[PDB]
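Source file: upload.pdb (PDB, C-alpha atoms (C1' of nucleotides))
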ATOM      1  CA  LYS D  13       0.000   0.000   0.000
ATOM      2  CA  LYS D  14       1.090   3.535  -0.983
ATOM      3  CA  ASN D  15       4.045   1.891  -2.787
ATOM      4  CA  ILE D  16       6.332   4.379  -1.100
ATOM      5  CA  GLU D  17       9.689   2.869  -2.166
ATOM      6  CA  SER D  18      11.630   5.399  -0.066
ATOM      7  CA  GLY D  19      12.280   6.120   3.583
ATOM      8  CA  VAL D  20      14.764   6.291   6.440
ATOM      9  CA  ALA D  21      15.632   3.826   9.204
ATOM     10  CA  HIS D  22      15.755   5.080  12.799
ATOM     11  CA  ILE D  23      17.955   3.120  15.210
ATOM     12  CA  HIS D  24      17.612   3.703  18.957
ATOM     13  CA  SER D  25      20.098   1.483  20.803
ATOM     14  CA  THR D  26      20.721   1.891  24.516
ATOM     15  CA  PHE D  27      22.710  -0.188  26.982
ATOM     16  CA  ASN D  28      19.914  -2.673  27.642
ATOM     17  CA  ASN D  29      17.618  -2.749  24.591
ATOM     18  CA  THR D  30      17.487  -1.930  20.877
ATOM     19  CA  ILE D  31      14.667  -0.477  18.764
ATOM     20  CA  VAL D  32      14.611  -0.072  14.995
ATOM     21  CA  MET D  33      11.727   1.757  13.337
ATOM     22  CA  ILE D  34      11.540   2.279   9.572
ATOM     23  CA  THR D  35       9.486   5.275   8.494
ATOM     24  CA  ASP D  36       9.097   6.928   5.117
ATOM     25  CA  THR D  37      10.920  10.042   3.929
ATOM     26  CA  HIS D  38       8.859  12.096   6.377
ATOM     27  CA  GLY D  39       7.371  11.226   9.739
ATOM     28  CA  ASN D  40       4.544   8.700   9.606
ATOM     29  CA  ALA D  41       5.639   5.191  10.556
ATOM     30  CA  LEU D  42       5.323   1.969   8.560
ATOM     31  CA  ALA D  43       7.033  -0.899  10.393
ATOM     32  CA  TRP D  44       8.995  -1.340  13.609
ATOM     33  CA  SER D  45      10.381  -3.976  15.945
ATOM     34  CA  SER D  46      12.569  -4.385  19.020
ATOM     35  CA  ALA D  47      14.355  -7.147  20.883
ATOM     36  CA  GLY D  48      11.600  -7.447  23.471
ATOM     37  CA  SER D  49       9.004  -8.095  20.768
ATOM     38  CA  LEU D  50      11.042 -11.179  19.826
ATOM     39  CA  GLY D  51      10.494 -13.051  23.093
ATOM     40  CA  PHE D  52      13.947 -12.085  24.413
ATOM     41  CA  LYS D  53      14.144 -11.007  28.047
ATOM     42  CA  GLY D  54      16.421  -9.150  30.429
ATOM     43  CA  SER D  55      20.141  -9.279  29.711
ATOM     44  CA  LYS D  56      19.951 -10.629  26.161
ATOM     45  CA  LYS D  57      18.077  -7.616  24.802
ATOM     46  CA  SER D  58      21.435  -5.887  24.196
ATOM     47  CA  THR D  59      23.470  -8.473  22.289
ATOM     48  CA  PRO D  60      23.790  -7.691  18.573
ATOM     49  CA  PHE D  61      21.925 -10.836  17.492
ATOM     50  CA  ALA D  62      18.782  -9.298  18.955
ATOM     51  CA  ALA D  63      19.398  -6.262  16.771
ATOM     52  CA  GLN D  64      19.962  -8.660  13.870
ATOM     53  CA  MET D  65      16.574 -10.315  14.071
ATOM     54  CA  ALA D  66      14.790  -7.074  14.947
ATOM     55  CA  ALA D  67      16.186  -5.374  11.861
ATOM     56  CA  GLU D  68      15.008  -8.411   9.914
ATOM     57  CA  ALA D  69      11.487  -8.374  11.321
ATOM     58  CA  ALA D  70      11.226  -4.702  10.407
ATOM     59  CA  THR D  71      12.606  -4.975   6.858
ATOM     60  CA  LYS D  72      10.556  -8.065   5.968
ATOM     61  CA  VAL D  73       7.423  -5.975   6.552
ATOM     62  CA  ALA D  74       8.665  -2.684   5.150
ATOM     63  CA  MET D  75       9.427  -4.330   1.806
ATOM     64  CA  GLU D  76       6.007  -5.998   1.976
ATOM     65  CA  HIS D  77       4.869  -2.533   0.871
ATOM     66  CA  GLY D  78       7.596  -1.773  -1.680
ATOM     67  CA  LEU D  79      10.782  -0.155  -0.443
ATOM     68  CA  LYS D  80      14.353   0.221  -1.640
ATOM     69  CA  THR D  81      15.642   3.665  -0.668
ATOM     70  CA  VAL D  82      16.609   4.074   2.988
ATOM     71  CA  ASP D  83      18.990   6.069   5.162
ATOM     72  CA  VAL D  84      20.207   5.377   8.682
ATOM     73  CA  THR D  85      20.095   7.841  11.574
ATOM     74  CA  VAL D  86      21.519   6.210  14.696
ATOM     75  CA  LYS D  87      20.682   7.626  18.109
ATOM     76  CA  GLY D  88      21.438   5.508  21.111
ATOM     77  CA  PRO D  89      25.049   5.225  22.227
ATOM     78  CA  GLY D  90      24.908   1.448  22.597
ATOM     79  CA  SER D  91      26.551  -1.576  20.972
ATOM     80  CA  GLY D  92      24.644  -3.337  18.176
ATOM     81  CA  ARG D  93      24.208  -0.238  16.033
ATOM     82  CA  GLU D  94      26.191  -1.744  13.140
ATOM     83  CA  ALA D  95      24.752  -5.252  13.354
ATOM     84  CA  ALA D  96      21.444  -3.502  12.772
ATOM     85  CA  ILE D  97      22.851  -2.093   9.519
ATOM     86  CA  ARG D  98      24.411  -5.351   8.354
ATOM     87  CA  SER D  99      20.994  -6.953   8.717
ATOM     88  CA  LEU D 100      19.357  -3.912   7.099
ATOM     89  CA  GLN D 101      21.276  -4.343   3.835
ATOM     90  CA  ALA D 102      21.695  -8.131   3.588
ATOM     91  CA  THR D 103      17.946  -8.875   3.616
ATOM     92  CA  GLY D 104      17.087  -6.602   0.699
ATOM     93  CA  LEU D 105      17.091  -2.891   1.471
ATOM     94  CA  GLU D 106      19.125  -0.200  -0.294
ATOM     95  CA  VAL D 107      21.042   1.662   2.425
ATOM     96  CA  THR D 108      22.789   4.784   1.123
ATOM     97  CA  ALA D 109      23.227   7.168   4.088
ATOM     98  CA  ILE D 110      24.587   6.705   7.588
ATOM     99  CA  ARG D 111      24.417   9.582  10.065
ATOM    100  CA  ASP D 112      24.786   9.931  13.823
ATOM    101  CA  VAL D 113      22.114  11.766  15.815
ATOM    102  CA  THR D 114      23.168  11.797  19.446
ATOM    103  CA  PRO D 115      21.854  14.610  21.648
ATOM    104  CA  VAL D 116      24.807  16.519  23.036
ATOM    105  CA  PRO D 117      23.839  19.231  25.531
ATOM    106  CA  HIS D 118      25.956  22.364  25.654
ATOM    107  CA  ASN D 119      26.043  21.989  29.467
ATOM    108  CA  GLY D 120      22.402  22.575  30.362
ATOM    109  CA  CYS D 121      20.900  19.968  32.712
ATOM    110  CA  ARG D 122      22.236  18.059  35.698
ATOM    111  CA  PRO D 123      22.649  14.263  35.612
ATOM    112  CA  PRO D 124      21.788  11.810  38.414
ATOM    113  CA  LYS D 125      23.929  10.489  41.274
ATOM    114  CA  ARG D 126      26.917   8.281  40.554
ATOM    115  CA  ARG D 127      26.140   4.691  41.554
ATOM    116  CA  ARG D 128      28.186   3.125  44.372
ATOM    117  CA  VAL D 129      28.337  -0.505  43.259
TER     118      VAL D 129
ATOM    119  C1'   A Y   1      83.885  62.908  76.572
ATOM    120  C1'   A Y   2      81.037  63.098  72.018
ATOM    121  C1'   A Y   3      81.236  57.464  68.286
ATOM    122  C1'   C Y   4      76.336  55.434  68.631
ATOM    123  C1'   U Y   5      70.523  55.802  69.997
ATOM    124  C1'   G Y   6      67.062  60.272  71.293
ATOM    125  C1'   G Y   7      66.081  66.161  70.545
ATOM    126  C1'   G Y   8      66.929  71.134  67.284
ATOM    127  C1'   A Y   9      68.360  73.894  62.595
ATOM    128  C1'   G Y  10      69.450  72.511  57.676
ATOM    129  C1'   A Y  11      70.865  69.743  52.942
ATOM    130  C1'   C Y  12      70.361  65.012  49.329
ATOM    131  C1'   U Y  13      67.849  60.958  45.943
ATOM    132  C1'   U Y  14      68.604  55.398  45.707
ATOM    133  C1'   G Y  15      63.042  53.741  49.481
ATOM    134  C1'   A Y  16      57.830  55.591  48.809
ATOM    135  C1'   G Y  17      54.423  58.245  45.930
ATOM    136  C1'   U Y  18      53.046  61.732  41.461
ATOM    137  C1'   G Y  19      53.247  63.277  36.154
ATOM    138  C1'   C Y  20      53.986  61.718  30.759
ATOM    139  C1'   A Y  21      53.783  57.212  26.948
ATOM    140  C1'   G Y  22      52.117  52.402  26.444
ATOM    141  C1'   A Y  23      50.188  46.729  27.482
ATOM    142  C1'   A Y  24      47.297  42.335  29.057
ATOM    143  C1'   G Y  25      43.095  40.096  31.583
ATOM    144  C1'   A Y  26      36.572  34.063  33.255
ATOM    145  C1'   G Y  27      38.446  41.427  38.527
ATOM    146  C1'   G Y  28      33.328  43.616  40.314
ATOM    147  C1'   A Y  29      27.961  45.981  39.798
ATOM    148  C1'   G Y  30      23.526  46.848  36.435
ATOM    149  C1'   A Y  31      20.562  46.047  32.116
ATOM    150  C1'   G Y  32      19.235  43.197  27.647
ATOM    151  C1'   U Y  33      20.053  39.023  24.355
ATOM    152  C1'   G Y  34      21.644  33.565  21.665
ATOM    153  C1'   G Y  35      21.899  28.369  20.529
ATOM    154  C1'   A Y  36      22.217  22.786  22.209
ATOM    155  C1'   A Y  37      19.742  19.639  25.320
ATOM    156  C1'   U Y  38      15.938  17.662  29.426
ATOM    157  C1'   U Y  39      10.608  18.140  30.936
ATOM    158  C1'   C Y  40       5.443  19.130  29.934
ATOM    159  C1'   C Y  41       1.661  20.471  26.229
ATOM    160  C1'   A Y  42      -0.799  20.194  21.003
ATOM    161  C1'   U Y  43      -1.308  17.623  16.453
ATOM    162  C1'   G Y  44      -0.253  13.514  12.367
ATOM    163  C1'   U Y  45       1.615   8.171  11.515
ATOM    164  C1'   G Y  46       1.894   4.032  14.258
ATOM    165  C1'   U Y  47       1.255  -1.425  16.746
ATOM    166  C1'   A Y  48       2.260  -4.339  21.842
ATOM    167  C1'   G Y  49       5.498  -3.429  24.703
ATOM    168  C1'   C Y  50       8.696   0.162  27.376
ATOM    169  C1'   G Y  51      11.677   0.998  31.411
ATOM    170  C1'   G Y  52      15.184  -1.124  34.861
ATOM    171  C1'   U Y  53      19.241  -5.013  37.121
ATOM    172  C1'   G Y  54      24.660  -8.972  39.038
ATOM    173  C1'   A Y  55      18.899 -11.405  38.233
ATOM    174  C1'   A Y  56      14.377  -9.574  39.129
ATOM    175  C1'   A Y  57      10.292  -6.592  40.761
ATOM    176  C1'   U Y  58       7.654  -1.896  41.854
ATOM    177  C1'   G Y  59       6.334   1.833  37.773
ATOM    178  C1'   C Y  60       4.074   3.580  32.715
ATOM    179  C1'   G Y  61       0.801   1.172  28.546
ATOM    180  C1'   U Y  62      -4.722  -0.876  24.124
ATOM    181  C1'   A Y  63      -8.735   6.005  27.946
ATOM    182  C1'   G Y  64      -3.403   3.978  22.580
ATOM    183  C1'   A Y  65       2.686   4.025  25.800
ATOM    184  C1'   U Y  66       7.808   3.955  23.843
ATOM    185  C1'   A Y  67       9.396   5.549  18.863
ATOM    186  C1'   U Y  68       8.771   9.228  15.040
ATOM    187  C1'   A Y  69       7.551  14.217  12.603
ATOM    188  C1'   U Y  70       6.071  19.596  13.182
ATOM    189  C1'   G Y  71       4.706  23.762  16.695
ATOM    190  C1'   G Y  72       4.554  26.046  21.747
ATOM    191  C1'   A Y  73       5.882  26.999  27.344
ATOM    192  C1'   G Y  74       8.812  27.585  31.040
ATOM    193  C1'   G Y  75      13.378  27.165  34.051
ATOM    194  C1'   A Y  76      18.500  26.379  34.948
ATOM    195  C1'   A Y  77      23.579  25.627  33.113
ATOM    196  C1'   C Y  78      26.876  27.790  29.247
ATOM    197  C1'   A Y  79      29.849  21.996  24.423
ATOM    198  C1'   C Y  80      34.352  23.168  21.001
ATOM    199  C1'   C Y  81      37.700  27.484  22.421
ATOM    200  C1'   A Y  82      40.540  25.331  27.186
TER     201        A Y  82
END

Would you mind giving the structure from this file in structure tokens?
Amino acid sequence: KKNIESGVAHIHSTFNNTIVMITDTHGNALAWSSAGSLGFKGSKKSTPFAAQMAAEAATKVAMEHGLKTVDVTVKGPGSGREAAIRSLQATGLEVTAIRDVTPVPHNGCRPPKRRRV
RNA sequence: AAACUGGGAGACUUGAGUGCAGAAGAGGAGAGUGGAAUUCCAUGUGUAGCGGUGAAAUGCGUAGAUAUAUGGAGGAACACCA
């Protein structure tokens, strides 16, 4: 439907999870996934393999509506950010841009206590 | 008695200040202003999780969360320079 054939992948990868949503060239979302929505639990949600299969479960649906063009904007200073890409290309999509979008404050707000573990 | 310390009348320019000619600086007080980010709000797309740990649970979520796009509101601190 809508035979968009263009869009941009958003990767949001923290220390203990990983989300990949694929939306079109502007806003409105088409298909998403995350490691939790694949039965994984707890620790394992941060290994790259989780990002592998989540990228797959998103692509497989995004190209069930016609899609080649995609870019990659990676938030999320975590680990599996590149495994997400390697699964994004090698199951059909047409990656052509990588960019980093990490919020960097110019010293505005105060962060929480340091943990004494 | 008259070297030294004290007192009295003077004299001097090296200490101390003044004039003239220049230099650097997150020194202080007042009044405006900028962008990055966090929170909340409004609206579109959007399906079942998100968040968190050494592992879990409490918490938020099908009164449509998280994500994602555009617009507003307020406060505090000023990345690189260093």

### Task
Please provide as a PyMOL selection string all residues within 12 Å of residue 71 in chain D, with the sequence filter that same-chain residues fewer than 5 positions apart are discarded (counting all atoms listed in the file).
chain D and resi 19-21+32-35+42-45+64-66+76-82+96-107

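For the residues D:124, D:88, D:119, D:75, ranking by smallest atom-to-atom distance to residue 13 in chain D using all atoms listed in the file places D:75 first.
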
Would you write out, as JSON lines, a table of all residues in chain D that have an atom no more than 9 Å from an atom of chain Y, listing for each the closest atom pair and the distance in Å to one decimal, considering all atoms listed in the file and ordering rows by chain and rising residue number?
{"residue": "D:22", "atom": "CA", "partner": "Y:68", "partner_atom": "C1'", "distance": 8.4}
{"residue": "D:24", "atom": "CA", "partner": "Y:67", "partner_atom": "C1'", "distance": 8.4}
{"residue": "D:28", "atom": "CA", "partner": "Y:52", "partner_atom": "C1'", "distance": 8.8}
{"residue": "D:31", "atom": "CA", "partner": "Y:67", "partner_atom": "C1'", "distance": 8.0}
{"residue": "D:32", "atom": "CA", "partner": "Y:67", "partner_atom": "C1'", "distance": 8.6}
{"residue": "D:33", "atom": "CA", "partner": "Y:67", "partner_atom": "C1'", "distance": 7.1}
{"residue": "D:35", "atom": "CA", "partner": "Y:68", "partner_atom": "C1'", "distance": 7.7}
{"residue": "D:38", "atom": "CA", "partner": "Y:69", "partner_atom": "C1'", "distance": 6.7}
{"residue": "D:39", "atom": "CA", "partner": "Y:69", "partner_atom": "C1'", "distance": 4.1}
{"residue": "D:40", "atom": "CA", "partner": "Y:45", "partner_atom": "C1'", "distance": 3.5}
{"residue": "D:41", "atom": "CA", "partner": "Y:45", "partner_atom": "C1'", "distance": 5.1}
{"residue": "D:42", "atom": "CA", "partner": "Y:46", "partner_atom": "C1'", "distance": 7.0}
{"residue": "D:43", "atom": "CA", "partner": "Y:46", "partner_atom": "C1'", "distance": 8.1}
{"residue": "D:44", "atom": "CA", "partner": "Y:47", "partner_atom": "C1'", "distance": 8.4}
{"residue": "D:48", "atom": "CA", "partner": "Y:49", "partner_atom": "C1'", "distance": 7.4}
{"residue": "D:49", "atom": "CA", "partner": "Y:49", "partner_atom": "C1'", "distance": 7.0}
{"residue": "D:54", "atom": "CA", "partner": "Y:53", "partner_atom": "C1'", "distance": 8.4}
{"residue": "D:55", "atom": "CA", "partner": "Y:53", "partner_atom": "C1'", "distance": 8.6}
{"residue": "D:115", "atom": "CA", "partner": "Y:37", "partner_atom": "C1'", "distance": 6.6}
{"residue": "D:116", "atom": "CA", "partner": "Y:37", "partner_atom": "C1'", "distance": 6.4}
{"residue": "D:117", "atom": "CA", "partner": "Y:37", "partner_atom": "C1'", "distance": 4.1}
{"residue": "D:118", "atom": "CA", "partner": "Y:79", "partner_atom": "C1'", "distance": 4.1}
{"residue": "D:119", "atom": "CA", "partner": "Y:77", "partner_atom": "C1'", "distance": 5.7}
{"residue": "D:120", "atom": "CA", "partner": "Y:77", "partner_atom": "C1'", "distance": 4.3}
{"residue": "D:121", "atom": "CA", "partner": "Y:77", "partner_atom": "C1'", "distance": 6.3}
{"residue": "D:122", "atom": "CA", "partner": "Y:77", "partner_atom": "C1'", "distance": 8.1}

### Message
With the PyMOL selection byres ((chain D and resi 60) around 10) as the selection, what would be picked from this file? Answer as number ranges by chain, please.
### Response
D: 29-30, 47, 56-59, 61-66, 91-96

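Nearest to residue 15 in chain D of all the residues D:67, D:74, D:50, D:110 is D:74, counting all atoms listed in the file.
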
## Note on the structure
From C1' of residue 71 in chain Y to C1' of residue 34 in chain Y the spacing works out at 20.2 Å

### Task
Work out how far apart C1' of residue 41 in chain Y and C1' of residue 60 in chain Y are and give it in Å to one decimal.
18.3 Å

Return as JSON the centre and edge lengths, in Å with one decimal, of the box along x, y and z that encloses every atom of range 45-49 of chain D in the file, padded by 4 Å per side.
{"center_x": 11.7, "center_y": -6.0, "center_z": 19.7, "size_x": 13.4, "size_y": 12.1, "size_z": 15.5}

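With distances restricted to only C-alpha atoms, D:18 is the closest residue to residue 108 in chain D from D:18, D:23, D:53, D:70.
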
### Task
Using the chain letters and numbering of this document, enumerate as number ranges by chain the residues selected by the PyMOL selection byres ((chain Y and resi 26) around 12).
Y: 25, 27, 82

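CA of residue 87 in chain D sits 12.0 Å away from CA of residue 27 in chain D.
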